[PDB]
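Written below as structure tokens is the structure these notes are about.
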Amino acid sequence: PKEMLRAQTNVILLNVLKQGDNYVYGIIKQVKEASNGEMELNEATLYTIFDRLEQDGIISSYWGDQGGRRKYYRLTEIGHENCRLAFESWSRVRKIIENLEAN
């Protein structure tokens, strides 16, 4: 289901960058091995997603320093505190669900 699959991919990419700065090919590798081979992302999809996330200030990119230079992507302080805010807001929502279950 394309929109959910897209949002899922977004959550996974955002988490990879929460782990630490990375570059496209390494991201794809880490996802392949973390998904035990079931999610092989194509670089083109990463590119559309990162163009939007960096125009929206959630990630930024810099040129890494062998022969190089790998374009690295990082999560910005904006994206980090957005993750924080979201997690808090949604765990509030999660408590409400638990409470609705009881009453």
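Just so you know, these numbers use all the heavy atoms, side chains as well, and skip hydrogens, waters and symmetry mates. The chain is numbered in sequence order, starting from 1.
For the atom pair CG (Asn10) and CD1 (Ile49), the distance works out to 4.5 Å, reported to the nearest 0.5 Å. The line from CZ of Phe50 to OG1 of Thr45 is 11.0 Å long, rounded to the nearest 0.5 Å. Rounded to the nearest 0.5 angstrom, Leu13 CG and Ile59 CD1 are separated by 8.5 Å. A distance of 8.0 Å separates OG1 in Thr9 from CG in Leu46, rounded to the nearest 0.5 Å. Atom CG of residue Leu53 and atom OG of residue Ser60 lie 11.5 Å apart, to the nearest 0.5 angstrom. To the nearest 0.5 Å, the span separating CD on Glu40 from OG on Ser35 amounts to 7.5 Å.
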Worked check of side-chain contact (heavy atoms from CB on, under 4.5 Å) between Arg6 and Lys2: CA-CA 6 Å; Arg6 153 173 208 69; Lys2 298 202 280 190; over 6 Å; no
Full working for salt bridge (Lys or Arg N to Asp or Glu O under 4.0 Å) between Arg69 and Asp65: CA-CA 6 Å; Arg69 335 154 295 274; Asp65 209 9; over 6 Å; no
List the atom pairs, with distances to 0.1 Å, where a side-chain N or O of residues 86-103 and a protein N or O form a donor-acceptor pair under 3.5 Å, not counting sequence neighbours.
{"unit_1": "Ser89", "atom_1": "OG", "unit_2": "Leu85", "atom_2": "O", "d": "3.0"}
{"unit_1": "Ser91", "atom_1": "OG", "unit_2": "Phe87", "atom_2": "O", "d": "2.8"}
{"unit_1": "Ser91", "atom_1": "OG", "unit_2": "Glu88", "atom_2": "O", "d": "2.9"}

Could you list the donor-acceptor pairs under 3.5 angstrom formed between side-chain atoms of residues 76-83 and any protein atom two or more places apart in sequence or on another chain?
{"unit_1": "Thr76", "atom_1": "OG1", "unit_2": "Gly57", "atom_2": "O", "d": "2.8"}
{"unit_1": "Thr76", "atom_1": "OG1", "unit_2": "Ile58", "atom_2": "O", "d": "3.1"}
{"unit_1": "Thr76", "atom_1": "OG1", "unit_2": "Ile78", "atom_2": "N", "d": "3.4"}
{"unit_1": "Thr76", "atom_1": "OG1", "unit_2": "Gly79", "atom_2": "N", "d": "3.3"}
{"unit_1": "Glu81", "atom_1": "OE2", "unit_2": "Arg84", "atom_2": "NE", "d": "3.3"}
{"unit_1": "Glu81", "atom_1": "OE2", "unit_2": "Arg84", "atom_2": "NH2", "d": "2.5"}

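Linking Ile, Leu, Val, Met, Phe, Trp and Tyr residues whenever their side-chain heavy atoms come within less than 4.5 Å places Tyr47 and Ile12 in a single cluster.
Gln55 CD: more than 12 foreign heavy atoms inside a 6.0 Å radius. Counted within 6.0 Å of NZ on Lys71, heavy atoms from surrounding residues, nucleotides or ligands total more than 12; the atom is thus considered enclosed.
Every pair passing side chain to side chain donor-acceptor pair (under 3.5 Å) that includes a residue from residues 17-28 is listed here, sequence neighbours excluded: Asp21-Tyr62, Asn22-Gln30, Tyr25-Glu43.
Residues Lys29 and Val31 have side chains not in contact (no heavy-atom distance under 4.5 Å, counting atoms from C-beta outward).
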